[PDB]
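For reference, the structure is listed below as structure tokens.
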Amino acid sequence: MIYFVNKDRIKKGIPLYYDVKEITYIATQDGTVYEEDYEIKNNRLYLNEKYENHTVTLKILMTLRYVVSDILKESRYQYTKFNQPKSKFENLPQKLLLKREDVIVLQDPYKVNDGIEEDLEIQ
Amino acid sequence: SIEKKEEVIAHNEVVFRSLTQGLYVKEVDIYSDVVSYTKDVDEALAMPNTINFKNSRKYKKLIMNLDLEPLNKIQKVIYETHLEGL
Amino acid sequence: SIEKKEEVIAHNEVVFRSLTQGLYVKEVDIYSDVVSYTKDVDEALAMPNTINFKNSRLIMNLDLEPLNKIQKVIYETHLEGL
Amino acid sequence: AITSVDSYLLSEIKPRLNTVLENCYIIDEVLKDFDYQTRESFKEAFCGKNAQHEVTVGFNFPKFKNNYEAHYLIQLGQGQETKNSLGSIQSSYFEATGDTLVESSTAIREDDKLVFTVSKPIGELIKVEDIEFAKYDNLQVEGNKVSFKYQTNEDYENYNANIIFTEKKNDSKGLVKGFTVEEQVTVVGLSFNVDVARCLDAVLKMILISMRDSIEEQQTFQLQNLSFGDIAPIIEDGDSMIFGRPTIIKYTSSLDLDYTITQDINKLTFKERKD
Amino acid sequence: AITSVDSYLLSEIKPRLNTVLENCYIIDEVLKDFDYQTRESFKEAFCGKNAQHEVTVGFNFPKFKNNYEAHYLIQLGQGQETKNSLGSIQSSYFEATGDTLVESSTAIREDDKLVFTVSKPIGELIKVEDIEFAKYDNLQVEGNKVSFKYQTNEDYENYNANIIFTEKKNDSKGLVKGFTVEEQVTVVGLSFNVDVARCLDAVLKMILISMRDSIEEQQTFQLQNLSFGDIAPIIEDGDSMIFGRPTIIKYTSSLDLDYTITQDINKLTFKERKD
């Protein structure tokens, strides 16, 4: 993606079309840019005053996302009876036709974290 | 009592001068050798020198000529606000 | 150095300012008494700075601190050598 | 003077649109007829100095991704020739003239004259604001500056005037050859939210109304006509549709070229004949 | 005053449609020409205060499912510019004015005058119902209230009048710049039962007829024209078809903007000259 900077966007912060996980490469007319000159907060980008009327471009990595645009071969069924006290009904897997999120982008959902440390020693 | 000040760049382009003749180039041939001259800065073979146009190729032969003196012609407009009391 | 220069005065006006709050006047009422203030220096209410206007109506309030505002805009060029 | 309608449209739209969206009073005036909900939502999203969301404008077929929350899209459209003059002659000029400029300039005192300074020389003076110089004032233009008699006007030594004038390019003279062209240019607002598109179209209409007082289209792009299309889904292949209402703007401009003349008569050879 | 025809249509349609469907007498008057069967079925389904089934109205492309038993569907359609004035000038105003309001107001006694109170201040008084004030009554408006002489009118101390007036916004003055626009808006009724669609179209026609007495379109949206399409299957991919008959409504409105003026003359400087 590419954005054009002006005296107003420098202070507000550039609103990004995509979400952000990490940045691969930044550049402008004066060359590349280092970590000391730019920062990102709440999925918008800030720059120092050196690039008031410069252009900026970014190669960016973002999480894969999908939405369900149709449900296909939607229900498959089995009266499972073998090795059961009584007949039981089980819904077999649905097939989904998924669609990517480009025109409108929302941030990753706010999952509730667990306090269990990952890769925890036990004794 | 300069309350506030601002600067603006209108044009920023390169212009070449002959060291001995004191003239400014205006025209070149197919080989890019000088054909004409002027003694007027306002009429010269201007090379754009804004941010986008740096590192040109049209005038490499012209640049290497030792008889020519590049000049960075820059035009500015500066706004100054004065508060002079009552 | 400078090759050519010229100076012109784009505007010359009188700005009104409060003595206590320090904010300039923005909007006014029918009699031109103040109803709004602003922190901006340029957007503030102002009038032409000439004697005829002054004689043709300070008049609104006792906060008697007008400010003669003069705008200088300068055109110049340089020939910086290598 | 060849006319690039698209560039003029962009240059007029960008600062004017930014200024209109800067303040809330103008937006409320514009959106008087709309309902409370859409009006307030648009004001929250885009209006105000500290607005987080922002609109954009650009030409069609950009190789980069373009923001589809709210954008003004321009494309050039058709054109036609409508009227001509004899020999394609439009006007005759003695001095080469460029664009028409408007400059503010405070009065200054000179030993015999009050004067106004200007940025660039003068080819012709059209108007000085709120002034009708008489013979006594003996209005004279001498390159950069215009001047009038000091004594009887001495009350106005610092008159905060402004000037409408024309640039001077050369002393040569020539003919203007060209014709009139009737051009159509298409403008459409894009948004995945239809209400935002409606409000954007209304803002576009207002700025088109405001533009009619501009110098350039008063002098160059007269006879503005408008036409609106239907709200249609621009794209259906995305996760959500793009909605936009194209608008067609018409203008009339004079494509012309200056043909110089080198013939200048300065002597006469009146002699008789004998037989 | 930018015009949003769709919102005005919705606001006029919803309460008026509800009121029309409220009572049976009006519906019977409307459906006089229709047969007994369809008339009575529609009356049973939708008509009456205690009707279980209900109609709805909304704009096009709703992301949610929309009821297809009986619904009014609106879409914006095309637009065109038809007429202009010199300099795009429409009108001149000395005092900023908003919408035109109609308010009922019972007469009141004041020590010298009978008066009517109003909700908001007055910019201009158009009409007082069944009154033609003479010079003796000395009609005067003083902000919120309008007044006339007490003594000779004392029989009318409690006159149950109503007032058509205009809001007051500011004391500033300016010019109205704009043009006229000829706009088309499409309205279609949807129903899987064709007879319901026919009756719905008839009701739509009647409410369009009734709207012509409305203040707003009397003042803003003159020259109403109608055009009806053919009954067509809107959708065939469902278990049963959707049937609807689109109708096109035309209006003429004046898109305009108020351009304020800060120039006010209050003094004169008539002086002679000497030589």
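Some points to look at:
- Within region B:55-80, residues that are within 30 Å of C:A10 (Cβ to Cβ) have Cβ atoms under 7 Å from residues that are in a helix (DSSP H, G or I) and charged (D, E, K, R) in no pair, counting only partners at least 6 apart in sequence or on another chain.
- Number of residues in region E:201-221 that are acidic (D, E) and surrounded by fewer than 17 Cβ atoms within 10 Å (Cβ to Cβ): the value is 2.
- Matching residues, region D:184-221, being over 16 Å from D:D6 (Cα atoms) and of a type in the set (A, V, I, L, M): D:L190, D:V194, D:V196, D:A197, D:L200, D:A202, D:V203, D:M206, D:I209, D:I215
- Residues of region E:222-237 that are in a loop (DSSP other than H, G, I, E, B) and surrounded by 11 or more Cβ atoms within 10 Å (Cβ to Cβ): E:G229, E:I231.
- Here E:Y68 meets the list (1) outside any loop (DSSP other than H, G, I, E, B); (2) away from every other protein chain (no Cβ under 11 Å); (3) surrounded by 15 or more Cβ atoms within 10 Å (Cβ to Cβ) almost entirely, failing just condition (1).
- Residue, farthest from D:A134 (Cα to Cα), within region E:253-274, restricted to residues that are more than 10 Å from chain D (Cβ to nearest Cβ) and assigned to a loop (DSSP other than H, G, I, E, B): E:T262
- Among residues of region D:173-204 being farther than 24 Å from D:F61 by Cα and among the basic types (K, R), the one that is farthest from the other protein chains (Cβ to nearest Cβ) is D:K177.
- Summed over region C:29-65, the residues that are over 13 Å from the mean Cα position of the chain (by Cα), within 14 Å of chain D (Cβ to nearest Cβ) and not in a strand (DSSP E or B) give a count of 7.
- Being farther than 25 Å from D:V194 by Cβ, away from chain D (no Cβ under 14 Å) and within 20 Å of the chain's Cα centre (by Cα) is a property that holds for E:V20.
- Each residue in region A:73-118 was checked for being more than 30 Å from A:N43 (Cα to Cα) and assigned to a loop (DSSP other than H, G, I, E, B), and 12 of them qualify.
- Subset of region E:161-184 (residues that are assigned to a strand (DSSP E or B) and hydrophobic (A, V, I, L, M, F, W, C)): E:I163, E:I164, E:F165, E:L175, E:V176, E:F179, E:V181
- In region E:188-216, of all residues being closer than 13 Å to E:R16 by Cα and hydrophobic (A, V, I, L, M, F, W, C), the one that is farthest from the chain's Cα centre (by Cα) corresponds to E:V203.
- Residue match in region D:81-99 (condition: under 22 Å from the mean Cα position of the chain (by Cα) and either among the aliphatic types (A, V, I, L, M) or assigned to a loop (DSSP other than H, G, I, E, B) (or both)): yes
- Counting only residues that are touching a helix residue (DSSP H, G or I) at 6+ places or on another chain (Cβ under 6 Å) and over 17 Å from E:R39 (Cα atoms), region E:190-216 holds 2 of them.
- Failed criterion for B:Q21 (all others in (1) under 17 Å from C:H78 (Cα atoms); (2) more than 10 Å from chain C (Cβ to nearest Cβ); (3) assigned to a loop (DSSP other than H, G, I, E, B); (4) not small (G, A, S) hold): (1)
- For the residues D:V118, D:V57, the requirement of being surrounded by 12 or more Cβ atoms within 10 Å (Cβ to Cβ) and in contact with a helix residue (DSSP H, G or I) (Cβ under 7 Å, 6 or more places away or on another chain) singles out D:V57.
- Residue in region B:3-47 that is nearest to B:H82 (Cα to Cα), counting only those that are loosely packed, with under 13 Cβ neighbours inside 10 Å and touching an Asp or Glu at 6+ places or on another chain (Cβ under 9 Å): B:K4
- Checking each residue in region D:37-61 for being farther than 20 Å from A:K12 by Cα, part of a loop (DSSP other than H, G, I, E, B) and either over 28 Å from the mean Cα position of the chain (by Cα) or among the polar types (S, T, N, Q) (or both) picks out only D:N60.
- The lone exception for B:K76 - which of (1) farther than 30 Å from A:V56 by Cβ; (2) within 14 Å of chain C (Cβ to nearest Cβ); (3) in a strand (DSSP E or B) it fails: (1)
- Candidate set: region E:1-42, residues that are among the charged types (D, E, K, R) and in contact with a helix residue (DSSP H, G or I) (Cβ under 6 Å, 6 or more places away or on another chain); chosen: the one farthest from E:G174 (Cα to Cα): E:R16
- One residue stands out among those in region E:2-20 that are in contact with a strand residue (DSSP E or B) (Cβ under 8 Å, 6 or more places away or on another chain) and part of a helix (DSSP H, G or I): the one that is surrounded by the fewest Cβ atoms within 10 Å (Cβ to Cβ), which is E:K14.
- The set of residues in region E:134-160 being in a strand (DSSP E or B) and of a type in the set (K, R) consists of E:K145, E:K149.
- Residues (touching a helix residue (DSSP H, G or I) at 6+ places or on another chain (Cβ under 8 Å) and facing another protein chain (nearest Cβ under 10 Å)) located in region D:217-246: D:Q224, D:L226, D:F228, D:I231, D:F243, D:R245
- Counted residues, region A:42-67 - those being more than 10 Å from chain D (Cβ to nearest Cβ), within 30 Å of A:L96 (Cβ to Cβ) and of a type in the set (A, V, I, L, M): 4
- Enumeration of residues in region D:130-146 that are within 11 Å of another protein chain (Cβ to nearest Cβ) and either under 13 Å from D:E103 (Cα atoms) or of a type outside the set (F, W, Y) (or both): D:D130, D:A134, D:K135, D:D137, D:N144, D:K145
- Filtered by the rule that a residue be under 22 Å from the mean Cα position of the chain (by Cα) and either acidic (D, E) or surrounded by fewer than 16 Cβ atoms within 10 Å (Cβ to Cβ) (or both), region E:102-115 gives E:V102, E:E103, E:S104.
Bear in mind these aren't lab numbers, they're just calculated from the coordinates by the rules spelled out. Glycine also receives a Cβ, built like all others from the backbone with ideal geometry; neighbour counts cover every protein chain displayed.
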